[PDB]
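A.B. asks: Encoded as structure tokens, here's the structure I'll be asking about.
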Amino acid sequence: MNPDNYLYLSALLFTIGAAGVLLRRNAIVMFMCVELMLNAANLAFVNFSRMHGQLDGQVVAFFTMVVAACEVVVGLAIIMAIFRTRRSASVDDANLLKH
Amino acid sequence: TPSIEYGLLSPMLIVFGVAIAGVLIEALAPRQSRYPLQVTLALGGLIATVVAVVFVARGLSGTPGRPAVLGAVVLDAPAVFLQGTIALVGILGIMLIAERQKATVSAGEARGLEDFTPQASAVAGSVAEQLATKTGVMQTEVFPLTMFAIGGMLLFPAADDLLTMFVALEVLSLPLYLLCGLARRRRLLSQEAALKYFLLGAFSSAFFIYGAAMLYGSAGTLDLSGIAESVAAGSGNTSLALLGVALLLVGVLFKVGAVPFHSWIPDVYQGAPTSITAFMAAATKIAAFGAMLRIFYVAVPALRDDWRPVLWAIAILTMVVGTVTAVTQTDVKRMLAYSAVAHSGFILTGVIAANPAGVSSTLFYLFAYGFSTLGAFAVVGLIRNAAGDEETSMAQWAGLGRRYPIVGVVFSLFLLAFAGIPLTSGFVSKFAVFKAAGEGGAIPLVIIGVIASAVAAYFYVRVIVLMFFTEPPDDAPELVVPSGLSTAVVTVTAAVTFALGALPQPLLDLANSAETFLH
Amino acid sequence: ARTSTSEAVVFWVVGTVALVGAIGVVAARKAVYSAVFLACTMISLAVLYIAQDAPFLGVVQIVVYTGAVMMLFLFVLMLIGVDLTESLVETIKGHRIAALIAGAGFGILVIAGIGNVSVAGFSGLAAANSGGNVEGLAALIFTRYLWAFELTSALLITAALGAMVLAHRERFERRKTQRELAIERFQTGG
Amino acid sequence: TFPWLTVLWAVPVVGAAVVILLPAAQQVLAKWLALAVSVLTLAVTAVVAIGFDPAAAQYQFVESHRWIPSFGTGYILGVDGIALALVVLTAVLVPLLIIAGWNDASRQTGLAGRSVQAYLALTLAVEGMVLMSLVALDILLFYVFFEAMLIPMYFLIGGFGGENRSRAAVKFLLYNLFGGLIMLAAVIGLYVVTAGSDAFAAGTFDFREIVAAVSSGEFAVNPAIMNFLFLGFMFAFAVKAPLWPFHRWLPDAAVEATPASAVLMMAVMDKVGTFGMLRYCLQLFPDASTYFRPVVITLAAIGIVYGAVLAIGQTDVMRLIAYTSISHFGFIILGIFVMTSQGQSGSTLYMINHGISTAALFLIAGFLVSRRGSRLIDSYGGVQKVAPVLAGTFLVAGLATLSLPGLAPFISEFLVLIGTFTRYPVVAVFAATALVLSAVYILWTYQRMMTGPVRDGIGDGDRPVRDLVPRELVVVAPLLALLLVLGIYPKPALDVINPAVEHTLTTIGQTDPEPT
Amino acid sequence: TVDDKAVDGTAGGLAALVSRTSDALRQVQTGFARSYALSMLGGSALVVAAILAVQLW
């Protein structure tokens, strides 16, 4: 197998994650899709680190994991705050700000 | 051992230490004393930061900057200039954030004049929220968060490596996500703004990190100087480099607010707390454009012929869609958000210049416009309806100047600065960026920006029409001062906006000296 | 460049699982199914990391994402529903087709931009992992990237502060204790 | 040497600041302080003119300082004959406008009681910005204040003025600001071109240096770029000086604003446009100006005739005067662009005479409109019977705008027409038809308003048309005196104008055509 | 008639065009976060533009 396949998979995964953010109203599923995007980035970083014979890409993947966890937690806090008032976790429900 | 340049890193170090100390105050300080310490700790901490910056600036009078942490951070003249700008804007923004209720019979004034709900976890309008408001409680955790945001922003121009830049982006983004949802009034809109900003910011940051991955693959390095060496030497892939530049541009453009990525700015600025909006519209724009400057002047100058055509379109769109969409706006805050979009476009015109004049013009533009935006939003935060909510409906501002000539004149000054009228810092600022663009072969962008400014002057002027030329309505809003801090912020901001218009050579020499990044 | 046929098979099976997991996350009508598919994708990506001479990264992926997807499943039950089947009908007119078109175009363009890269050389990571993959990661993290390492602490603090501010409820709404409920004119029993 | 021009332009602005800072209770003292500031500015202008030597160097009282070297612009002031004429016009007019608008701001409420102070401060700020623009010898400084002067005037129209003041102010500011922004594009292009030329150490805005470089031929530029820059400058000045068809903003602003503000706009402020054409457009881009001379000449002539016709067709007195002023700016631009010593000297003298004459006529019409409650021409009749002095002064002002030889404007119009004929005879005849059209739109208005039986409510009723009060005489008599003096003995003005014009023509390689 | 309908007409038409375009663009601000995310994913436009900049097209 040619190693570049790993990148294509990432390109697919990221793409799928992006599409998910567009297609799913649930905020939690949106968080899952953002996690998919960040992990596709991590896969690309790991593949390139292997390609260049150094671990820097792996370190970046680790830091991206940290960032993904923190962003997920912040999004969960925001969604808790919204849900406690609106009793809904749909992104489309936050439609007041428009035009 | 790895040498650490604490002196160079003294900025962002004072700030992060102060944020940590503020979290400690939250953890182990009695409620009644949390706010006085935090505001004392925050403001002073930033003042120290400002001092640190100038000291660092003096240290840089010799060598043209230097790396600090074995790469991953570089304090060169542009970086220190942007850090000083961000520190000053943060001082003003925290002065806005610390404003409490003007006065009341009960002592429970609860940092509400700064639009911060006493308890964000409380359901909007619930009996719990009312009881918390009555008791005068208030979540001082806002002050640490702001520090962290400033921290991240202070780092974002100075990040010399892709990983550090991404980490700074996240560090400044998360506190802003949280802060956008803490508004005291119209809590539903503020929560919607926080959700939109979080979703789209996470989206853009995913794009940002994917672009960083592409760049790393192309160059096998994360340092911006290393990527520049790779692209210039042709050792890189040259397709992954372009793809990574595009995906990274996605993130930075989202942060600044280009049209393909602007949509978050109107809603977020409308819904977020007025003080938080004022601080953010300046500081985040400054930090994002600093990072963009570093990317396009240090990391990837060699591919100018490749990414220059793209930015043009972006800039063009940003100047057109940003301004035209503002023409029909009926909300002051929403209109100012679209103005921020258009001014991001104007900045991008100077960034496209790809010449030292471009760097100087961008730095000056960011300083002046951050000040002007902060002042405009601070003034907007004072116009209160009868119910007490910030009266943003533009029609309700009719005759506002005829009732409050001082505030009306100050807001008109800010609006004319945004429009780019001469004798305002905004005109010097637009002239700098457009001159840099013209010298850089982008005079079509100068023409398009001129037409965009002509369009935008209409909606900047409509506010003055309503404020002064129209009679006040029967239920017209009224000013709430509400304290010395807000007045000081408004006065300092207006004074800077006027001085940088009349006498710009001060700080313009500083911008000129900051024309060179360390490669 | 080429990889060991064993690695080729590992990639094919595991990346098929990962792609199907992402597709399920996007397309699963039950949010719990989305969480399970996300767990599958994360574990598959961890296996791929291991296959790419990143053992520590893969193992940490498994651990932390097991935890994170468990928490997301908890929040799915808390905020969406235990077994709620989402409609997934496009609520915004024409948004579904536009989103699919944009996603497909972006993926195609990204793949085209990637093109062939490993053809330009593919250094064996054995040189770097020599002396320990975890040892090399430690050397880089705390020497070349100690600044980002420290800033991850700021990220954690900001996350904790956001949780404490937005999600943590306070005294004005704390649930009454069983002792409190029993003592209400003797409300509970009388 | 004393910085006379710096004081000249600073005094109005400082006085405006002090006036606006006065407490609300000092309204009368505020009026008197504003008048004193205007008189001090007039005294400064008088000393500058007296010390000015028309036989001496082209630019005098020159002050030079570093202001923004980063932008290649310096604080450079200096007055030539062309600039001195407009400076004298502005300095003399501003006090007269102040004493004319003495009570224009009385009825405005709110504004913390600073309505009178705000009005006076805005008027003084307009005066100061106009003066500094006139004396500025830097393209970027001149643009800065040419654009800045719009805002005080925008406030002066929108604040105060008639019911439709808001729309009029918006149209004003947006037309003029779109033009100024096009000027900004042209100015940035000029800076870029100068930077790319070895003629200068870097991008430059020093007007004298650039003019010398282009005249000597060292600063050769591609004629297309020069054409575009000239087009930008000319478009900005054409919106500023209401060159047809860009005039459409002027009527609404003139009618809706107070008579003093409208005069300040058309009589003084709009002149900066025409002067801008004469100083920059011709001297920075002599080649482009020469190439476009046919088009601009045609536009100016069409403006003359078209504005005259519209003034004939107007039903509102003030709008009629505004269109008359548009036609007069048509004369001014026609004389400027014909590039003849007679043409340009006549155009400058016309700037002066039209400033004075439009001020007189518009202010008298404003007094009359205030006496009644309507601007409609048909709303009046037989006003001469009730207010002999008002009608007589209105007649004299109209005759001035009608260009009688006994009054100043004719001397200028003649001079312009003469200059036009030697190069474009057909255009000269087409403009000369405006001599008939002016008789029409002046004397028909006089017939409709001042003659015939006294209309109901003019001599009786609750709003009778009483004769001019002493203050209105103080305003009017000086203007009529200047008209008569510059008609009988225009030479003192020409002695100053003629040298500067020659230097201008010498600069652009143009000369009066030799007689057959 | 020319002044009221033709000369002033050009400025009126320009203002009408600007207002119509402003309303059309404001309609783009649908208020849905997912529509904004779609516009952002329009960053495929940026990617393709950068790629084509070397395609010489």
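If you're wondering about the labels, chains in the structure tokens are A, B, ... by order shown, residues count from 1 in each chain, ligands from 1 in order shown.
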Tell me, as number ranges by chain, which residues lie within 7 Å of stretch 10-12 of chain A, counting only C-alpha atoms; anything in the same chain fewer than 2 positions away does not count.
C.D. replies: A: 6-8, 14-16, 40-41, 43-44; C: 107, 110-111
A.B. asks: Might you pull out every residue within 7 Å of stretch 17-31 of chain C, with only C-alpha atoms counted and same-chain residues fewer than 6 positions away left off, and present them as a CSV table (one decimal) with N, CA and C atoms, in the first residue's frame?
C.D. replies:
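Generated output (part31.csv):
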```csv
chain,number,residue,atom,x,y,z
A,13,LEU,N,-12.5,11.5,6.2
A,13,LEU,CA,-13.1,11.6,7.6
A,13,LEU,C,-13.4,13.1,7.9
A,16,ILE,N,-16.3,14.1,6.0
A,16,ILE,CA,-17.6,13.5,6.6
A,16,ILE,C,-17.9,14.4,7.8
A,20,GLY,N,-21.2,16.4,8.6
A,20,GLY,CA,-22.0,16.1,9.7
A,20,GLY,C,-22.5,17.4,10.4
A,29,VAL,N,-24.3,15.6,18.5
A,29,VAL,CA,-23.8,15.0,17.2
A,29,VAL,C,-22.9,16.0,16.5
C,37,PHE,N,-20.8,4.8,17.0
C,37,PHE,CA,-20.0,4.8,15.8
C,37,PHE,C,-18.8,5.7,16.0
C,38,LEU,N,-19.0,6.8,16.7
C,38,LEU,CA,-17.8,7.7,17.0
C,38,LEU,C,-16.8,6.9,17.8
C,40,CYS,N,-16.3,3.7,17.6
C,40,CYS,CA,-15.7,2.8,16.6
C,40,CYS,C,-14.6,3.5,15.8
C,41,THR,N,-15.0,4.7,15.3
C,41,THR,CA,-14.0,5.5,14.5
C,41,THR,C,-12.8,5.9,15.3
C,44,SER,N,-10.6,2.8,15.7
C,44,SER,CA,-10.0,2.4,14.5
C,44,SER,C,-8.8,3.4,14.2
C,45,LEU,N,-9.0,4.6,14.4
C,45,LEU,CA,-7.9,5.6,14.2
C,45,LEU,C,-6.8,5.3,15.2
C,76,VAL,N,-26.0,12.5,25.7
C,76,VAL,CA,-27.0,12.2,24.7
C,76,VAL,C,-28.3,11.7,25.5
C,83,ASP,N,-33.6,6.6,23.7
C,83,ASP,CA,-33.7,5.9,22.4
C,83,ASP,C,-34.5,6.7,21.4
C,84,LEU,N,-34.3,8.1,21.4
C,84,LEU,CA,-35.0,8.9,20.5
C,84,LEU,C,-34.5,8.7,19.1
C,85,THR,N,-35.3,8.5,18.1
C,85,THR,CA,-35.0,8.4,16.7
C,85,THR,C,-35.2,9.7,16.0
C,86,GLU,N,-34.1,10.4,15.7
C,86,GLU,CA,-34.1,11.7,15.0
C,86,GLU,C,-34.7,11.5,13.6
C,87,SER,N,-35.5,12.6,13.2
C,87,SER,CA,-36.1,12.5,11.9
C,87,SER,C,-35.1,12.6,10.8
```
A.B. asks: Find the nearest atom pair between each residue of chain D and chain B for residues within 7 Å, count only C-alpha atoms, give distances in Å to one decimal, sort rows by chain and ascending number, and present the table as CSV.
C.D. replies:
```
residue,atom,partner,partner_atom,distance
D:67,CA,B:505,CA,6.9
D:68,CA,B:505,CA,5.4
D:110,CA,B:402,CA,5.3
D:111,CA,B:402,CA,4.3
D:112,CA,B:405,CA,6.7
D:144,CA,B:422,CA,5.2
D:147,CA,B:422,CA,6.5
D:148,CA,B:422,CA,5.4
D:158,CA,B:469,CA,5.3
D:159,CA,B:469,CA,5.0
D:166,CA,B:469,CA,6.0
D:174,CA,B:458,CA,6.6
D:177,CA,B:454,CA,6.7
D:178,CA,B:454,CA,5.1
D:181,CA,B:450,CA,5.7
D:182,CA,B:450,CA,6.7
D:185,CA,B:447,CA,5.9
D:188,CA,B:435,CA,5.8
D:189,CA,B:438,CA,6.8
D:192,CA,B:439,CA,5.5
```
A.B. asks: Quote the spacing between atom CA of residue B:136 and atom CA of residue B:122 in Å to one decimal place.
C.D. replies: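 The value is 14.1 Å.
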A.B. asks: Can you work out which residues from chain E touch chain B at a cut-off of 6 Å (counting only C-alpha atoms) and hand them back as a list in words?
C.D. replies: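 In the required form, that comes to residues 22, 25, 26, 33, 36, 39, 40, 47, 50 and 53 of chain E.
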A.B. asks: Next, write the just-selected residues to a file, as a PDB file, in the first residue's frame, keeping N, CA, C and O atoms as the atom set.
C.D. replies:
```pdb
ATOM      1  N   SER E  22     -28.626  44.878  -0.660  1.00  0.00           N
ATOM      2  CA  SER E  22     -28.478  44.751   0.783  1.00  0.00           C
ATOM      3  C   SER E  22     -29.540  43.832   1.358  1.00  0.00           C
ATOM      4  O   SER E  22     -29.247  42.995   2.217  1.00  0.00           O
ATOM      5  N   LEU E  25     -28.674  40.211   0.374  1.00  0.00           N
ATOM      6  CA  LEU E  25     -27.585  39.694   1.193  1.00  0.00           C
ATOM      7  C   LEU E  25     -28.042  39.438   2.621  1.00  0.00           C
ATOM      8  O   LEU E  25     -27.654  38.439   3.234  1.00  0.00           O
ATOM      9  N   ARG E  26     -28.861  40.332   3.173  1.00  0.00           N
ATOM     10  CA  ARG E  26     -29.362  40.132   4.524  1.00  0.00           C
ATOM     11  C   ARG E  26     -30.218  38.881   4.609  1.00  0.00           C
ATOM     12  O   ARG E  26     -30.257  38.222   5.653  1.00  0.00           O
ATOM     13  N   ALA E  33     -27.298  28.312  12.415  1.00  0.00           N
ATOM     14  CA  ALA E  33     -25.864  28.067  12.515  1.00  0.00           C
ATOM     15  C   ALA E  33     -25.388  27.140  11.408  1.00  0.00           C
ATOM     16  O   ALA E  33     -24.258  27.262  10.928  1.00  0.00           O
ATOM     17  N   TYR E  36     -24.676  28.986   8.193  1.00  0.00           N
ATOM     18  CA  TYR E  36     -23.386  29.654   8.302  1.00  0.00           C
ATOM     19  C   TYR E  36     -22.247  28.659   8.142  1.00  0.00           C
ATOM     20  O   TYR E  36     -21.231  28.962   7.510  1.00  0.00           O
ATOM     21  N   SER E  39     -21.816  28.046   4.527  1.00  0.00           N
ATOM     22  CA  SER E  39     -21.056  29.123   3.900  1.00  0.00           C
ATOM     23  C   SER E  39     -19.569  28.982   4.202  1.00  0.00           C
ATOM     24  O   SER E  39     -18.726  29.188   3.323  1.00  0.00           O
ATOM     25  N   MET E  40     -19.231  28.626   5.440  1.00  0.00           N
ATOM     26  CA  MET E  40     -17.835  28.391   5.794  1.00  0.00           C
ATOM     27  C   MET E  40     -17.233  27.248   4.992  1.00  0.00           C
ATOM     28  O   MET E  40     -16.128  27.382   4.458  1.00  0.00           O
ATOM     29  N   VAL E  47     -10.046  26.838  -1.367  1.00  0.00           N
ATOM     30  CA  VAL E  47      -9.126  25.747  -1.676  1.00  0.00           C
ATOM     31  C   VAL E  47      -8.950  25.613  -3.183  1.00  0.00           C
ATOM     32  O   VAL E  47      -7.827  25.512  -3.690  1.00  0.00           O
ATOM     33  N   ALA E  50      -6.946  28.555  -4.643  1.00  0.00           N
ATOM     34  CA  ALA E  50      -5.516  28.431  -4.391  1.00  0.00           C
ATOM     35  C   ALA E  50      -4.900  27.356  -5.276  1.00  0.00           C
ATOM     36  O   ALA E  50      -3.798  27.535  -5.807  1.00  0.00           O
ATOM     37  N   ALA E  53      -4.662  28.649  -8.857  1.00  0.00           N
ATOM     38  CA  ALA E  53      -3.691  29.716  -9.060  1.00  0.00           C
ATOM     39  C   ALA E  53      -2.417  29.191  -9.706  1.00  0.00           C
ATOM     40  O   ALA E  53      -1.739  29.928 -10.431  1.00  0.00           O
TER      41      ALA E  53
END
```
A.B. asks: Compile the residues of chain B that lie within 7 Å of chain C, evaluated using only C-alpha atoms, and express the compilation as a list in words.
C.D. replies: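 Matching residues, ligands excluded from the count: residues 2, 69, 70, 72, 120, 121, 122, 128, 132, 141, 145, 148, 164, 167, 171, 174, 175, 178, 237, 239, 240 and 243 of chain B.
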A.B. asks: Any idea what's packed within 10 Å of residue A:93, counting only C-alpha atoms, ignoring anything in its chain fewer than 4 positions away? Could you give it as a list in words?
C.D. replies: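 Near neighbours after the sequence-gap exclusion: residues 25, 26, 82, 86, 88 and 89 of chain A; 192 of chain B; 31, 32 and 33 of chain E.
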A.B. asks: Those selected residues, please, written with C-alpha atoms and delivered as a short mmCIF file (atom, residue, chain, number, x, y, z; two decimals), in the first residue's frame.
C.D. replies:
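Full text of result22.cif as output:
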```
data_model
loop_
_atom_site.label_atom_id
_atom_site.label_comp_id
_atom_site.auth_asym_id
_atom_site.auth_seq_id
_atom_site.Cartn_x
_atom_site.Cartn_y
_atom_site.Cartn_z
CA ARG A 25 -29.27 19.47 14.21
CA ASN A 26 -28.34 17.80 17.51
CA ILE A 82 -29.17 26.47 26.49
CA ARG A 86 -35.15 25.91 26.06
CA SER A 88 -33.94 21.45 23.53
CA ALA A 89 -30.46 20.65 22.21
CA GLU B 192 -27.81 31.53 20.97
CA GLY E 31 -29.96 32.82 11.41
CA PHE E 32 -29.31 29.07 11.29
CA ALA E 33 -25.86 28.07 12.51
#
```
A.B. asks: With only C-alpha atoms counted and 8 Å as the cut-off, give the residues of chain C in contact with chain E, each with its shortest interatomic distance in Å and the pair that gives it, as a tab-separated table.
C.D. replies:
```
residue	atom	partner	partner_atom	distance
C:95	CA	E:35	CA	7.3
C:98	CA	E:38	CA	7.8
C:99	CA	E:38	CA	6.1
C:102	CA	E:42	CA	6.5
C:103	CA	E:41	CA	7.2
C:105	CA	E:44	CA	6.8
C:106	CA	E:44	CA	4.8
C:109	CA	E:48	CA	6.4
C:110	CA	E:47	CA	7.5
C:113	CA	E:51	CA	6.8
```
A.B. asks: Write out as a Markdown table a residue-level contact list of chain A versus chain C with cut-off 7 Å: for each qualifying residue the closest pair of atoms and the distance in Å to one decimal, counting only C-alpha atoms, rows sorted by chain and residue number upward.
C.D. replies:
```
| residue | atom | partner | partner_atom | distance |
| --- | --- | --- | --- | --- |
| A:1 | CA | C:2 | CA | 5.1 |
| A:2 | CA | C:2 | CA | 4.5 |
| A:3 | CA | C:2 | CA | 6.3 |
| A:4 | CA | C:118 | CA | 5.8 |
| A:8 | CA | C:111 | CA | 6.1 |
| A:11 | CA | C:107 | CA | 6.1 |
| A:12 | CA | C:107 | CA | 6.2 |
| A:13 | CA | C:19 | CA | 6.5 |
| A:15 | CA | C:107 | CA | 5.3 |
| A:16 | CA | C:22 | CA | 6.6 |
| A:18 | CA | C:103 | CA | 6.8 |
| A:19 | CA | C:103 | CA | 5.4 |
| A:20 | CA | C:26 | CA | 4.9 |
| A:22 | CA | C:99 | CA | 6.0 |
| A:23 | CA | C:96 | CA | 6.6 |
| A:28 | CA | C:76 | CA | 6.7 |
| A:29 | CA | C:31 | CA | 6.9 |
| A:32 | CA | C:38 | CA | 6.7 |
| A:46 | CA | C:49 | CA | 6.8 |
| A:47 | CA | C:52 | CA | 6.9 |
| A:50 | CA | C:125 | CA | 5.3 |
| A:51 | CA | C:122 | CA | 4.6 |
| A:52 | CA | C:123 | CA | 5.5 |
| A:53 | CA | C:125 | CA | 4.4 |
| A:54 | CA | C:128 | CA | 5.6 |
| A:55 | CA | C:137 | CA | 6.5 |
| A:58 | CA | C:57 | CA | 6.9 |
| A:59 | CA | C:137 | CA | 6.5 |
| A:62 | CA | C:57 | CA | 6.9 |
| A:70 | CA | C:159 | CA | 5.7 |
| A:73 | CA | C:159 | CA | 6.1 |
| A:74 | CA | C:159 | CA | 5.5 |
| A:77 | CA | C:167 | CA | 5.2 |
| A:78 | CA | C:166 | CA | 6.4 |
| A:80 | CA | C:167 | CA | 5.8 |
| A:81 | CA | C:166 | CA | 5.5 |
| A:89 | CA | C:79 | CA | 6.4 |
```
A.B. asks: Can you list, as an NGL selection string, all residues belonging to stretch 7-162 of chain C that DSSP tags as alpha helix (DSSP H)?
C.D. replies: :C and (7-27 or 31-51 or 55-79 or 95-114 or 126-129 or 133-141 or 146-162)
A.B. asks: Export C-alpha atoms of the chosen residues as a compact mmCIF listing (two decimals), in the first residue's frame?
C.D. replies:
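Below is the file selection35.txt, written as the result:
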```txt
# COMPACT_ATOMS: atom_id res chain seq x y z
CA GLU C 7 0.04 -2.90 7.25
CA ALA C 8 -1.92 -2.61 4.00
CA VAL C 9 -4.49 -5.12 5.24
CA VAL C 10 -4.62 -3.44 8.64
CA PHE C 11 -5.27 -0.10 6.98
CA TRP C 12 -7.91 -1.49 4.66
CA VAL C 13 -9.97 -3.26 7.32
CA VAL C 14 -9.52 -0.70 10.10
CA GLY C 15 -10.00 2.33 7.87
CA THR C 16 -13.08 0.74 6.37
CA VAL C 17 -14.35 0.47 9.94
CA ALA C 18 -13.36 4.08 10.63
CA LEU C 19 -15.02 5.43 7.48
CA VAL C 20 -18.18 3.44 8.22
CA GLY C 21 -18.08 4.77 11.77
CA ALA C 22 -17.88 8.36 10.59
CA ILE C 23 -20.70 7.71 8.12
CA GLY C 24 -22.76 6.26 10.96
CA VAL C 25 -22.01 9.22 13.21
CA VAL C 26 -23.32 11.51 10.48
CA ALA C 27 -26.22 9.28 9.44
CA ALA C 31 -27.88 9.68 18.90
CA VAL C 32 -26.63 6.69 20.89
CA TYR C 33 -25.81 4.96 17.62
CA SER C 34 -23.87 8.09 16.67
CA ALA C 35 -21.89 7.87 19.92
CA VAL C 36 -21.15 4.18 19.36
CA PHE C 37 -20.02 4.84 15.80
CA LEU C 38 -17.81 7.67 17.04
CA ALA C 39 -16.24 5.24 19.50
CA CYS C 40 -15.66 2.79 16.64
CA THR C 41 -14.03 5.50 14.53
CA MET C 42 -11.79 6.64 17.39
CA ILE C 43 -10.65 3.09 18.16
CA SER C 44 -10.01 2.42 14.47
CA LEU C 45 -7.94 5.60 14.24
CA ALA C 46 -6.01 4.48 17.31
CA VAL C 47 -5.25 1.18 15.59
CA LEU C 48 -4.08 3.10 12.53
CA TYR C 49 -1.82 5.23 14.72
CA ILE C 50 -0.31 2.07 16.19
CA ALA C 51 0.19 0.77 12.65
CA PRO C 55 1.94 3.30 19.76
CA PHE C 56 1.59 5.78 22.61
CA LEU C 57 -0.64 8.03 20.52
CA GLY C 58 -2.92 5.15 19.57
CA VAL C 59 -3.22 3.85 23.13
CA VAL C 60 -3.91 7.34 24.49
CA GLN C 61 -6.49 7.76 21.74
CA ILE C 62 -8.26 4.61 22.87
CA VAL C 63 -8.22 5.64 26.53
CA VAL C 64 -9.22 9.29 26.32
CA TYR C 65 -11.76 8.80 23.54
CA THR C 66 -13.32 5.86 25.34
CA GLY C 67 -13.83 8.25 28.23
CA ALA C 68 -14.99 11.14 26.06
CA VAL C 69 -17.45 9.09 24.01
CA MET C 70 -18.79 7.58 27.22
CA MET C 71 -19.41 11.11 28.50
CA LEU C 72 -20.99 12.15 25.20
CA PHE C 73 -23.28 9.12 25.42
CA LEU C 74 -24.23 10.22 28.93
CA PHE C 75 -25.05 13.69 27.61
CA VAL C 76 -27.01 12.16 24.73
CA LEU C 77 -29.20 10.37 27.26
CA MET C 78 -29.44 13.53 29.36
CA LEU C 79 -30.22 16.03 26.60
CA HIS C 95 -29.89 22.94 2.75
CA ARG C 96 -29.38 19.18 2.56
CA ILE C 97 -28.47 19.10 -1.13
CA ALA C 98 -26.25 22.17 -0.79
CA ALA C 99 -24.45 20.71 2.23
CA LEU C 100 -23.87 17.39 0.48
CA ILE C 101 -22.59 19.17 -2.63
CA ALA C 102 -20.28 21.39 -0.59
CA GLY C 103 -18.94 18.45 1.41
CA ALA C 104 -18.31 16.34 -1.68
CA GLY C 105 -16.63 19.24 -3.46
CA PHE C 106 -14.44 20.07 -0.48
CA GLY C 107 -13.37 16.45 -0.07
CA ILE C 108 -12.63 16.07 -3.77
CA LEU C 109 -10.63 19.30 -3.84
CA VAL C 110 -8.69 18.32 -0.71
CA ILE C 111 -7.84 14.93 -2.21
CA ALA C 112 -6.77 16.60 -5.45
CA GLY C 113 -4.57 19.00 -3.52
CA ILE C 114 -2.97 16.12 -1.64
CA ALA C 126 12.33 3.68 13.05
CA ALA C 127 15.13 6.23 13.43
CA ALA C 128 13.00 8.50 15.62
CA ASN C 129 11.28 5.78 17.65
CA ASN C 133 8.48 6.36 21.03
CA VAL C 134 7.33 7.69 24.41
CA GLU C 135 10.88 8.83 25.15
CA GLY C 136 10.99 10.82 21.91
CA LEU C 137 7.55 12.29 22.54
CA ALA C 138 8.71 13.37 25.99
CA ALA C 139 11.87 14.89 24.55
CA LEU C 140 9.91 16.95 22.03
CA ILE C 141 6.99 17.91 24.28
CA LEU C 146 6.90 23.17 26.50
CA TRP C 147 5.05 26.43 25.81
CA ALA C 148 2.09 24.68 24.18
CA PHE C 149 2.26 22.05 26.92
CA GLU C 150 1.81 24.74 29.55
CA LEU C 151 -0.95 26.45 27.57
CA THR C 152 -2.88 23.19 27.63
CA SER C 153 -3.21 23.97 31.33
CA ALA C 154 -4.90 27.25 30.40
CA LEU C 155 -7.21 25.30 28.10
CA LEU C 156 -8.10 22.98 30.98
CA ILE C 157 -8.70 25.89 33.34
CA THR C 158 -10.93 27.62 30.80
CA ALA C 159 -12.92 24.42 30.30
CA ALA C 160 -13.33 24.02 34.06
CA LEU C 161 -14.38 27.66 34.45
CA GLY C 162 -16.93 27.33 31.66
```
A.B. asks: Pick out each residue of stretch 292-489 of chain B that DSSP on the backbone tags as strand (DSSP E or B); I need them as a VMD selection string.
C.D. replies: chain B and resid 331 383 to 384 390 393 478 to 479
A.B. asks: Dump N, CA and C atoms for the selected residues as a compact mmCIF listing (two decimals), in the first residue's frame?
C.D. replies:
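Dumped everything to selection.txt:
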```
# COMPACT_ATOMS: atom_id res chain seq x y z
N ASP B 331 -30.45 47.56 13.27
CA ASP B 331 -29.96 47.36 14.63
C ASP B 331 -28.55 47.91 14.74
N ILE B 383 -26.87 53.00 26.04
CA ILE B 383 -28.21 53.39 25.61
C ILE B 383 -29.16 52.30 26.11
N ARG B 384 -29.96 52.64 27.11
CA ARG B 384 -30.83 51.68 27.79
C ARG B 384 -32.28 52.05 27.58
N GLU B 390 -30.32 47.08 26.80
CA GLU B 390 -29.58 47.92 25.87
C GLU B 390 -30.43 48.21 24.65
N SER B 393 -32.23 48.96 18.95
CA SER B 393 -33.06 49.26 17.79
C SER B 393 -32.73 50.66 17.29
N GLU B 478 -32.47 56.34 27.52
CA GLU B 478 -31.69 57.24 28.35
C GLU B 478 -30.33 56.62 28.64
N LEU B 479 -29.35 57.47 28.91
CA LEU B 479 -28.02 57.00 29.27
C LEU B 479 -28.00 56.45 30.68
```
